[PDB]
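Structure data (mmCIF, N, CA and C atoms and all ligand atoms) from target_32.cif:
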```cif
data_upload
#
loop_
_atom_site.group_PDB
_atom_site.id
_atom_site.type_symbol
_atom_site.label_atom_id
_atom_site.label_comp_id
_atom_site.auth_asym_id
_atom_site.auth_seq_id
_atom_site.Cartn_x
_atom_site.Cartn_y
_atom_site.Cartn_z
ATOM 1 N N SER A 1 -21.894 -2.984 -12.165
ATOM 2 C CA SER A 1 -20.486 -2.489 -12.116
ATOM 3 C C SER A 1 -19.534 -3.580 -11.591
ATOM 4 N N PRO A 2 -19.209 -4.575 -12.444
ATOM 5 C CA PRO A 2 -18.416 -5.718 -12.001
ATOM 6 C C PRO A 2 -17.013 -5.321 -11.540
ATOM 7 N N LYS A 3 -16.522 -6.011 -10.514
ATOM 8 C CA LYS A 3 -15.297 -5.641 -9.825
ATOM 9 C C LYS A 3 -14.324 -6.803 -9.833
ATOM 10 N N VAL A 4 -13.037 -6.475 -9.839
ATOM 11 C CA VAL A 4 -11.991 -7.439 -9.534
ATOM 12 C C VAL A 4 -11.190 -6.927 -8.340
ATOM 13 N N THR A 5 -10.475 -7.835 -7.680
ATOM 14 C CA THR A 5 -9.799 -7.497 -6.436
ATOM 15 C C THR A 5 -8.320 -7.335 -6.743
ATOM 16 N N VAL A 6 -7.730 -6.228 -6.298
ATOM 17 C CA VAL A 6 -6.290 -6.113 -6.210
ATOM 18 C C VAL A 6 -5.978 -6.277 -4.739
ATOM 19 N N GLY A 7 -5.290 -7.359 -4.396
ATOM 20 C CA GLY A 7 -5.027 -7.643 -2.993
ATOM 21 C C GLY A 7 -3.830 -8.542 -2.799
ATOM 22 N N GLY A 8 -3.515 -8.805 -1.535
ATOM 23 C CA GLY A 8 -2.318 -9.536 -1.187
ATOM 24 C C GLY A 8 -2.054 -9.462 0.303
ATOM 25 N N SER A 9 -0.787 -9.613 0.675
ATOM 26 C CA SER A 9 -0.378 -9.477 2.069
ATOM 27 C C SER A 9 0.786 -8.503 2.182
ATOM 28 N N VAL A 10 0.810 -7.744 3.273
ATOM 29 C CA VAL A 10 1.961 -6.900 3.621
ATOM 30 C C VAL A 10 2.726 -7.483 4.805
ATOM 31 N N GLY A 11 4.040 -7.636 4.623
ATOM 32 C CA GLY A 11 4.911 -8.280 5.601
ATOM 33 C C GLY A 11 6.312 -7.672 5.538
ATOM 34 N N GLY A 12 7.239 -8.244 6.298
ATOM 35 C CA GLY A 12 8.668 -8.079 6.023
ATOM 36 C C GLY A 12 9.369 -7.191 7.041
ATOM 37 N N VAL A 13 8.594 -6.542 7.903
ATOM 38 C CA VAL A 13 9.103 -5.879 9.107
ATOM 39 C C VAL A 13 8.362 -6.490 10.317
ATOM 40 N N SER A 14 9.039 -6.583 11.460
ATOM 41 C CA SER A 14 8.409 -6.920 12.740
ATOM 42 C C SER A 14 7.967 -5.672 13.503
ATOM 43 N N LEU A 15 6.672 -5.557 13.800
ATOM 44 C CA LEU A 15 6.176 -4.405 14.552
ATOM 45 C C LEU A 15 6.326 -4.582 16.058
ATOM 46 N N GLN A 16 6.385 -5.831 16.519
ATOM 47 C CA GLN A 16 6.572 -6.090 17.952
ATOM 48 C C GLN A 16 5.559 -5.320 18.802
ATOM 49 N N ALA A 17 4.286 -5.468 18.438
ATOM 50 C CA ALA A 17 3.141 -4.936 19.196
ATOM 51 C C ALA A 17 2.955 -3.416 19.160
ATOM 52 N N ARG A 18 3.812 -2.695 18.436
ATOM 53 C CA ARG A 18 3.603 -1.266 18.257
ATOM 54 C C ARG A 18 2.478 -0.907 17.286
ATOM 55 N N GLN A 19 1.593 -0.043 17.769
ATOM 56 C CA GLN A 19 0.454 0.445 16.994
ATOM 57 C C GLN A 19 0.956 1.172 15.765
ATOM 58 N N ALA A 20 0.481 0.760 14.593
ATOM 59 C CA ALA A 20 0.980 1.243 13.320
ATOM 60 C C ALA A 20 -0.186 1.483 12.360
ATOM 61 N N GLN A 21 0.137 2.182 11.284
ATOM 62 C CA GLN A 21 -0.778 2.401 10.184
ATOM 63 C C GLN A 21 -0.109 1.972 8.893
ATOM 64 N N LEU A 22 -0.872 1.320 8.021
ATOM 65 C CA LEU A 22 -0.414 1.060 6.649
ATOM 66 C C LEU A 22 -1.228 1.896 5.690
ATOM 67 N N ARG A 23 -0.551 2.660 4.839
ATOM 68 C CA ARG A 23 -1.246 3.478 3.862
ATOM 69 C C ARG A 23 -0.898 2.870 2.521
ATOM 70 N N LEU A 24 -1.923 2.377 1.826
ATOM 71 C CA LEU A 24 -1.768 1.737 0.536
ATOM 72 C C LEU A 24 -2.429 2.618 -0.543
ATOM 73 N N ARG A 25 -1.614 3.110 -1.473
ATOM 74 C CA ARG A 25 -2.083 3.903 -2.613
ATOM 75 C C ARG A 25 -1.832 3.132 -3.881
ATOM 76 N N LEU A 26 -2.907 2.935 -4.642
ATOM 77 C CA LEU A 26 -2.847 2.282 -5.939
ATOM 78 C C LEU A 26 -2.825 3.339 -7.041
ATOM 79 N N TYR A 27 -1.800 3.262 -7.880
ATOM 80 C CA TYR A 27 -1.574 4.199 -8.956
ATOM 81 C C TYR A 27 -1.861 3.535 -10.278
ATOM 82 N N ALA A 28 -2.292 4.361 -11.222
ATOM 83 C CA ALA A 28 -2.417 3.950 -12.605
ATOM 84 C C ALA A 28 -2.145 5.175 -13.466
ATOM 85 N N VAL A 29 -1.676 4.971 -14.685
ATOM 86 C CA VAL A 29 -1.685 6.088 -15.614
ATOM 87 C C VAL A 29 -3.029 6.207 -16.318
ATOM 88 N N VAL A 30 -3.692 7.331 -16.103
ATOM 89 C CA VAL A 30 -5.013 7.511 -16.689
ATOM 90 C C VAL A 30 -4.898 8.611 -17.725
ATOM 91 N N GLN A 31 -5.091 8.228 -18.987
ATOM 92 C CA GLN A 31 -4.785 9.082 -20.121
ATOM 93 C C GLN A 31 -3.457 9.782 -19.877
ATOM 94 N N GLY A 32 -2.420 8.972 -19.674
ATOM 95 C CA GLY A 32 -1.038 9.431 -19.734
ATOM 96 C C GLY A 32 -0.566 10.112 -18.473
ATOM 97 N N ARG A 33 -1.468 10.270 -17.508
ATOM 98 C CA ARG A 33 -1.092 10.878 -16.245
ATOM 99 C C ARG A 33 -1.038 9.808 -15.159
ATOM 100 N N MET A 34 0.059 9.778 -14.412
ATOM 101 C CA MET A 34 0.148 8.935 -13.223
ATOM 102 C C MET A 34 -0.715 9.475 -12.067
ATOM 103 N N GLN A 35 -1.715 8.703 -11.640
ATOM 104 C CA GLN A 35 -2.718 9.196 -10.692
ATOM 105 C C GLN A 35 -2.961 8.107 -9.652
ATOM 106 N N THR A 36 -3.284 8.504 -8.432
ATOM 107 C CA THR A 36 -3.829 7.581 -7.454
ATOM 108 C C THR A 36 -5.256 7.261 -7.869
ATOM 109 N N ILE A 37 -5.568 5.985 -8.023
ATOM 110 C CA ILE A 37 -6.945 5.627 -8.337
ATOM 111 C C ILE A 37 -7.669 5.048 -7.134
ATOM 112 N N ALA A 38 -6.910 4.662 -6.116
ATOM 113 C CA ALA A 38 -7.508 4.179 -4.874
ATOM 114 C C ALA A 38 -6.551 4.271 -3.709
ATOM 115 N N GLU A 39 -7.118 4.364 -2.511
ATOM 116 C CA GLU A 39 -6.317 4.418 -1.296
ATOM 117 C C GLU A 39 -7.065 3.720 -0.155
ATOM 118 N N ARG A 40 -6.348 2.942 0.665
ATOM 119 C CA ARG A 40 -6.892 2.380 1.920
ATOM 120 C C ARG A 40 -5.874 2.678 3.001
ATOM 121 N N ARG A 41 -6.331 2.903 4.228
ATOM 122 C CA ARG A 41 -5.445 2.852 5.384
ATOM 123 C C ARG A 41 -5.897 1.750 6.326
ATOM 124 N N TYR A 42 -4.932 1.031 6.864
ATOM 125 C CA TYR A 42 -5.233 0.033 7.894
ATOM 126 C C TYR A 42 -4.519 0.414 9.183
ATOM 127 N N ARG A 43 -5.186 0.190 10.315
ATOM 128 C CA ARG A 43 -4.526 0.279 11.608
ATOM 129 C C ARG A 43 -4.209 -1.136 12.088
ATOM 130 N N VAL A 44 -2.937 -1.386 12.365
ATOM 131 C CA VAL A 44 -2.467 -2.721 12.752
ATOM 132 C C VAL A 44 -1.468 -2.654 13.898
ATOM 133 N N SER A 45 -1.299 -3.773 14.607
ATOM 134 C CA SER A 45 -0.242 -3.873 15.620
ATOM 135 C C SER A 45 0.622 -5.121 15.424
ATOM 136 N N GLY A 46 0.532 -5.737 14.243
ATOM 137 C CA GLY A 46 1.468 -6.788 13.850
ATOM 138 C C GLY A 46 1.300 -7.072 12.365
ATOM 139 N N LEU A 47 2.301 -7.718 11.777
ATOM 140 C CA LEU A 47 2.275 -8.091 10.367
ATOM 141 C C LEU A 47 2.476 -9.603 10.298
ATOM 142 N N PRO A 48 1.937 -10.259 9.259
ATOM 143 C CA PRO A 48 1.440 -9.643 8.034
ATOM 144 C C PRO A 48 0.010 -9.092 8.135
ATOM 145 N N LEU A 49 -0.355 -8.275 7.160
ATOM 146 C CA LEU A 49 -1.717 -7.785 6.999
ATOM 147 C C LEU A 49 -2.225 -8.156 5.599
ATOM 148 N N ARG A 50 -3.428 -8.731 5.528
ATOM 149 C CA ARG A 50 -4.109 -8.989 4.254
ATOM 150 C C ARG A 50 -4.843 -7.718 3.811
ATOM 151 N N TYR A 51 -4.649 -7.299 2.565
ATOM 152 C CA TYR A 51 -5.343 -6.113 2.041
ATOM 153 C C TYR A 51 -6.135 -6.464 0.765
ATOM 154 N N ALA A 52 -7.094 -5.607 0.421
ATOM 155 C CA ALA A 52 -7.942 -5.786 -0.756
ATOM 156 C C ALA A 52 -8.483 -4.424 -1.180
ATOM 157 N N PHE A 53 -8.358 -4.118 -2.463
ATOM 158 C CA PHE A 53 -9.203 -3.105 -3.105
ATOM 159 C C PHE A 53 -10.128 -3.856 -4.047
ATOM 160 N N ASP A 54 -11.428 -3.621 -3.950
ATOM 161 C CA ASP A 54 -12.327 -4.138 -4.984
ATOM 162 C C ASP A 54 -12.661 -3.031 -5.970
ATOM 163 N N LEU A 55 -12.107 -3.144 -7.166
ATOM 164 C CA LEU A 55 -12.233 -2.094 -8.162
ATOM 165 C C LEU A 55 -13.017 -2.518 -9.412
ATOM 166 N N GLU A 56 -13.866 -1.615 -9.904
ATOM 167 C CA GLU A 56 -14.524 -1.796 -11.189
ATOM 168 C C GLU A 56 -13.562 -2.163 -12.297
ATOM 169 N N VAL A 57 -13.880 -3.242 -13.006
ATOM 170 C CA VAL A 57 -13.043 -3.685 -14.109
ATOM 171 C C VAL A 57 -12.993 -2.605 -15.185
ATOM 172 N N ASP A 58 -14.057 -1.806 -15.280
ATOM 173 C CA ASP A 58 -14.113 -0.745 -16.306
ATOM 174 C C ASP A 58 -13.013 0.285 -15.988
ATOM 175 N N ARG A 59 -12.685 0.420 -14.713
ATOM 176 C CA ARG A 59 -11.667 1.378 -14.304
ATOM 177 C C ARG A 59 -10.276 0.807 -14.508
ATOM 178 N N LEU A 60 -10.153 -0.509 -14.395
ATOM 179 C CA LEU A 60 -8.855 -1.170 -14.423
ATOM 180 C C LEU A 60 -8.446 -1.527 -15.851
ATOM 181 N N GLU A 61 -9.427 -1.630 -16.744
ATOM 182 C CA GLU A 61 -9.164 -2.158 -18.076
ATOM 183 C C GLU A 61 -8.030 -1.394 -18.745
ATOM 184 N N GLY A 62 -7.010 -2.129 -19.188
ATOM 185 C CA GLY A 62 -5.921 -1.577 -19.990
ATOM 186 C C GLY A 62 -4.801 -0.910 -19.208
ATOM 187 N N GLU A 63 -4.919 -0.900 -17.884
ATOM 188 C CA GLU A 63 -4.080 -0.073 -17.000
ATOM 189 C C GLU A 63 -2.918 -0.840 -16.369
ATOM 190 N N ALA A 64 -1.716 -0.284 -16.463
ATOM 191 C CA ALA A 64 -0.684 -0.649 -15.503
ATOM 192 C C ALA A 64 -1.046 -0.078 -14.141
ATOM 193 N N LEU A 65 -0.862 -0.892 -13.104
ATOM 194 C CA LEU A 65 -1.175 -0.501 -11.732
ATOM 195 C C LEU A 65 0.088 -0.605 -10.901
ATOM 196 N N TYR A 66 0.264 0.351 -9.986
ATOM 197 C CA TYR A 66 1.414 0.361 -9.087
ATOM 198 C C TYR A 66 0.929 0.554 -7.665
ATOM 199 N N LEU A 67 1.479 -0.231 -6.747
ATOM 200 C CA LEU A 67 1.084 -0.107 -5.360
ATOM 201 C C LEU A 67 2.196 0.490 -4.512
ATOM 202 N N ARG A 68 1.849 1.555 -3.801
ATOM 203 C CA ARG A 68 2.780 2.238 -2.913
ATOM 204 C C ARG A 68 2.318 1.944 -1.500
ATOM 205 N N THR A 69 3.175 1.306 -0.714
ATOM 206 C CA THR A 69 2.766 0.894 0.628
ATOM 207 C C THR A 69 3.669 1.547 1.656
ATOM 208 N N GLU A 70 3.059 2.220 2.627
ATOM 209 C CA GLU A 70 3.815 3.008 3.637
ATOM 210 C C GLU A 70 3.401 2.676 5.066
ATOM 211 N N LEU A 71 4.377 2.209 5.859
ATOM 212 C CA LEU A 71 4.181 1.922 7.277
ATOM 213 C C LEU A 71 4.551 3.153 8.092
ATOM 214 N N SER A 72 3.640 3.577 8.955
ATOM 215 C CA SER A 72 3.966 4.568 9.966
ATOM 216 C C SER A 72 3.541 4.085 11.369
ATOM 217 N N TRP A 73 4.144 4.662 12.405
ATOM 218 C CA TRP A 73 3.658 4.478 13.780
ATOM 219 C C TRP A 73 2.477 5.417 14.065
ATOM 220 N N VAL A 74 1.446 4.912 14.737
ATOM 221 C CA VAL A 74 0.400 5.799 15.205
ATOM 222 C C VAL A 74 0.981 6.783 16.222
ATOM 223 N N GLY A 75 0.719 8.067 16.008
ATOM 224 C CA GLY A 75 1.236 9.135 16.874
ATOM 225 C C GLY A 75 2.468 9.820 16.308
ATOM 226 N N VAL A 76 2.953 9.356 15.156
ATOM 227 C CA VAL A 76 4.157 9.942 14.549
ATOM 228 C C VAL A 76 3.968 10.055 13.036
ATOM 229 N N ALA A 77 3.983 11.281 12.525
ATOM 230 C CA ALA A 77 3.517 11.522 11.161
ATOM 231 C C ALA A 77 4.697 11.375 10.196
ATOM 232 N N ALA A 78 5.211 10.159 10.045
ATOM 233 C CA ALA A 78 6.441 9.898 9.291
ATOM 234 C C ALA A 78 6.457 8.464 8.787
ATOM 235 N N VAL A 79 6.996 8.260 7.593
ATOM 236 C CA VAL A 79 7.109 6.912 7.022
ATOM 237 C C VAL A 79 8.276 6.214 7.709
ATOM 238 N N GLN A 80 8.068 4.972 8.131
ATOM 239 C CA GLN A 80 9.132 4.207 8.772
ATOM 240 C C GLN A 80 9.651 3.100 7.858
ATOM 241 N N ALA A 81 8.783 2.609 6.976
ATOM 242 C CA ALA A 81 9.140 1.536 6.059
ATOM 243 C C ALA A 81 8.189 1.665 4.878
ATOM 244 N N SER A 82 8.603 1.192 3.697
ATOM 245 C CA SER A 82 7.735 1.322 2.517
ATOM 246 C C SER A 82 8.056 0.337 1.396
ATOM 247 N N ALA A 83 7.214 0.324 0.367
ATOM 248 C CA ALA A 83 7.396 -0.591 -0.777
ATOM 249 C C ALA A 83 6.776 0.075 -1.985
ATOM 250 N N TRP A 84 7.307 -0.227 -3.167
ATOM 251 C CA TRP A 84 6.737 0.271 -4.402
ATOM 252 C C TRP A 84 6.864 -0.831 -5.432
ATOM 253 N N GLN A 85 5.741 -1.271 -5.981
ATOM 254 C CA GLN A 85 5.824 -2.333 -6.968
ATOM 255 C C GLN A 85 4.689 -2.253 -7.972
ATOM 256 N N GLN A 86 4.933 -2.758 -9.178
ATOM 257 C CA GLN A 86 3.827 -3.029 -10.084
ATOM 258 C C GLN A 86 3.008 -4.210 -9.569
ATOM 259 N N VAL A 87 1.681 -4.112 -9.690
ATOM 260 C CA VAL A 87 0.773 -5.174 -9.289
ATOM 261 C C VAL A 87 -0.267 -5.407 -10.388
ATOM 262 N N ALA A 88 -0.988 -6.516 -10.298
ATOM 263 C CA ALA A 88 -2.010 -6.828 -11.292
ATOM 264 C C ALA A 88 -3.250 -7.357 -10.584
ATOM 265 N N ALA A 89 -4.417 -7.106 -11.154
ATOM 266 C CA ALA A 89 -5.666 -7.561 -10.544
ATOM 267 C C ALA A 89 -5.775 -9.079 -10.542
ATOM 268 N N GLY A 90 -6.326 -9.611 -9.448
ATOM 269 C CA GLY A 90 -6.687 -11.021 -9.367
ATOM 270 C C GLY A 90 -5.502 -11.864 -8.951
ATOM 271 N N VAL A 91 -4.392 -11.202 -8.635
ATOM 272 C CA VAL A 91 -3.158 -11.865 -8.221
ATOM 273 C C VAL A 91 -2.953 -11.611 -6.713
ATOM 274 N N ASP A 92 -2.678 -12.662 -5.944
ATOM 275 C CA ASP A 92 -2.193 -12.501 -4.567
ATOM 276 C C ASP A 92 -0.828 -11.796 -4.541
ATOM 277 N N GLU A 93 -0.801 -10.492 -4.271
ATOM 278 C CA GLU A 93 0.431 -9.702 -4.418
ATOM 279 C C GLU A 93 1.134 -9.515 -3.082
ATOM 280 N N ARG A 94 2.331 -10.085 -2.949
ATOM 281 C CA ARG A 94 3.096 -9.975 -1.710
ATOM 282 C C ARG A 94 3.870 -8.672 -1.674
ATOM 283 N N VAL A 95 3.630 -7.894 -0.628
ATOM 284 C CA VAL A 95 4.305 -6.621 -0.458
ATOM 285 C C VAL A 95 5.341 -6.804 0.633
ATOM 286 N N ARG A 96 6.605 -6.536 0.313
ATOM 287 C CA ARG A 96 7.658 -6.692 1.293
ATOM 288 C C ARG A 96 8.189 -5.320 1.683
ATOM 289 N N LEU A 97 7.814 -4.848 2.871
ATOM 290 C CA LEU A 97 8.355 -3.572 3.375
ATOM 291 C C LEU A 97 9.878 -3.514 3.535
ATOM 292 N N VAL A 98 10.449 -2.383 3.128
ATOM 293 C CA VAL A 98 11.884 -2.113 3.266
ATOM 294 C C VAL A 98 12.012 -1.019 4.341
ATOM 295 N N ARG A 99 12.758 -1.294 5.404
ATOM 296 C CA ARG A 99 12.931 -0.301 6.480
ATOM 297 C C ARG A 99 13.726 0.899 5.956
ATOM 298 N N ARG A 100 13.356 2.119 6.342
ATOM 299 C CA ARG A 100 14.222 3.265 6.087
ATOM 300 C C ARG A 100 15.471 3.147 6.970
ATOM 301 N N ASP A 101 16.539 3.846 6.603
ATOM 302 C CA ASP A 101 17.740 3.845 7.427
ATOM 303 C C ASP A 101 17.415 4.307 8.852
ATOM 304 N N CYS A 102 16.441 5.209 8.990
ATOM 305 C CA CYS A 102 16.128 5.835 10.285
ATOM 306 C C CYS A 102 15.151 4.995 11.130
ATOM 307 N N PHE A 103 14.645 3.911 10.554
ATOM 308 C CA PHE A 103 13.655 3.015 11.219
ATOM 309 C C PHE A 103 14.227 2.447 12.520
ATOM 310 N N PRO A 104 13.449 2.421 13.608
ATOM 311 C CA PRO A 104 12.034 2.743 13.733
ATOM 312 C C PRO A 104 11.814 4.143 14.311
ATOM 313 N N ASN A 105 12.819 5.013 14.174
ATOM 314 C CA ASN A 105 12.847 6.302 14.847
ATOM 315 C C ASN A 105 12.751 7.488 13.888
ATOM 316 N N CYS A 106 12.324 7.251 12.651
ATOM 317 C CA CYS A 106 12.117 8.366 11.723
ATOM 318 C C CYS A 106 11.135 9.419 12.263
ATOM 319 N N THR A 107 11.295 10.643 11.773
ATOM 320 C CA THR A 107 10.671 11.811 12.363
ATOM 321 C C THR A 107 9.952 12.693 11.332
ATOM 322 N N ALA A 108 9.093 13.588 11.808
ATOM 323 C CA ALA A 108 8.292 14.419 10.909
ATOM 324 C C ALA A 108 8.995 15.742 10.601
HETATM 325 NI NI NI B 201 5.772 -11.197 7.374
#
```

Here is the file; what I need is its structure written in the form of structure tokens.
Amino acid sequence: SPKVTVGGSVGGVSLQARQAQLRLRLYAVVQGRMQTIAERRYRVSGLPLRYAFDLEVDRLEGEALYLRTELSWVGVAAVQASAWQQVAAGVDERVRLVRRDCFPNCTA
């Protein structure tokens, strides 16, 4: 089951030592439906963060892929910053977080 890596770095906000989570969801249209095909969460206290999904090429073949990246604070169930972009396998994909207007004090 040969695999290729969809990976890169997440940056673009300063966490300043605050405990955070990054939730990365990889989307693809699978027979015409937009679906999450993979998800990772990372616990971090600074950026940038290097990420990687190792996915079967059989699963990736022919697919547009989209990466949804969401920063939250640990202890607060709310998105503080996020990114949405098309990505491609085997490419170092730079994810640049965009702060919400309510950052860093967004609420659940
Ligand atoms: Ni950075």

Separating atom CA of residue 23 of chain A from atom C of residue 92 of chain A, to the nearest tenth of an Å, is a gap of 17.4 Å

Per-axis box centre and lengths in Å around segment 41-50 of chain A, 4 Å margin per side, axis-aligned, as JSON:
```
{"center_x": -1.9, "center_y": -3.7, "center_z": 9.7, "size_x": 16.8, "size_y": 21.2, "size_z": 19.8}
```

- Using only N, CA and C atoms: which of A:47, A:98, A:67, A:24 has the shortest distance to residue 10 of chain A: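 Looking at the shortest contact to residue 10 of chain A, the residue is A:47.
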
Between A:40, A:18, A:68, A:96, smallest distance to ligand NI 201 (chain B) by only C-alpha atoms and all ligand atoms belongs to A:96

*asked:* At a cut-off of 6 Å, using all atoms listed in the file, what residues contact residue 69 of chain A? Leave out same-chain residues fewer than 6 positions from it and give the result as an MDAnalysis selection string.
replied: chainID A and resid 23:25 81:84

Using N, CA and C atoms, can you write the selected residues to a file as a compact mmCIF listing (two decimals), keeping the file's coordinate frame?
```txt
# COMPACT_ATOMS: atom_id res chain seq x y z
N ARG A 23 -0.55 2.66 4.84
CA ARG A 23 -1.25 3.48 3.86
C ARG A 23 -0.90 2.87 2.52
N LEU A 24 -1.92 2.38 1.83
CA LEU A 24 -1.77 1.74 0.54
C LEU A 24 -2.43 2.62 -0.54
N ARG A 25 -1.61 3.11 -1.47
CA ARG A 25 -2.08 3.90 -2.61
C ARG A 25 -1.83 3.13 -3.88
N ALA A 81 8.78 2.61 6.98
CA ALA A 81 9.14 1.54 6.06
C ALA A 81 8.19 1.66 4.88
N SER A 82 8.60 1.19 3.70
CA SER A 82 7.74 1.32 2.52
C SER A 82 8.06 0.34 1.40
N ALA A 83 7.21 0.32 0.37
CA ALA A 83 7.40 -0.59 -0.78
C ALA A 83 6.78 0.08 -1.98
N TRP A 84 7.31 -0.23 -3.17
CA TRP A 84 6.74 0.27 -4.40
C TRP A 84 6.86 -0.83 -5.43
```

Could you give me, as CSV, every chain A residue with an atom at most 8 Å from ligand NI 201 (chain B), plus its closest atom pair and distance in Å to one decimal, counting only N, CA and C atoms and all ligand atoms, rows ordered by chain then number?
```
residue,atom,partner,partner_atom,distance
A:9,C,B:NI201,NI,7.7
A:10,C,B:NI201,NI,5.4
A:11,CA,B:NI201,NI,3.5
A:12,N,B:NI201,NI,3.5
A:13,N,B:NI201,NI,5.5
A:14,N,B:NI201,NI,7.0
A:46,C,B:NI201,NI,7.9
A:47,C,B:NI201,NI,4.7
A:48,N,B:NI201,NI,4.4
A:49,N,B:NI201,NI,6.8
A:96,CA,B:NI201,NI,7.8
```

Inset, instruction - Using the chain letters and residue numbers of this document, give as a ChimeraX atom specification the residues selected by the PyMOL selection byres (((chain A and resi 50-66 and name CA) around 6) and not hetatm and name CA). - result: /A:2-9,26-28,49,67,85-87

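Rounded to one decimal, atom C of residue 72 of chain A and atom C of residue 104 of chain A lie 8.8 Å from each other.
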
May I have all residues of segment 10-69 of chain A that DSSP, computed from the backbone, assigns to helix (DSSP H, G or I), given as a PyMOL selection string?
-> chain A and resi 57-60

### Query
If you measure from atom N of residue 19 of chain A to atom CA of residue 100 of chain A, what distance in Å do you get, rounded to one decimal?
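Going from atom N of residue 19 of chain A over to atom CA of residue 100 of chain A, I get 17.5 Å.
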
**Asked** Could you spell out the hits of the PyMOL selection byres (((chain A and resi 77) around 6) and not hetatm) on the shown file, as an MDAnalysis selection string?
**Response** chainID A and resid 75:76 78:79 107:108

When the PyMOL selection byres (((chain A and resi 42) around 5) and not hetatm) is applied to the file above, which residues end up in the set, as a VMD selection string?
chain A and resid 21 to 22 40 to 41 43 to 44

Next item on the list: Quick one: pick out all strand (DSSP E or B) residues within chain A from a backbone DSSP run and write them as JSON, numbers by chain.
Entry: {"A": [3, 4, 5, 6, 7, 8, 9, 10, 11, 20, 21, 22, 23, 24, 25, 26, 27, 28, 29, 30, 33, 34, 35, 36, 37, 38, 39, 40, 41, 42, 43, 44, 49, 50, 51, 52, 53, 54, 55, 56, 65, 66, 67, 68, 69, 70, 71, 72, 73, 81, 82, 83, 84, 85, 86, 87, 92, 93, 94, 95, 96, 98, 99]}
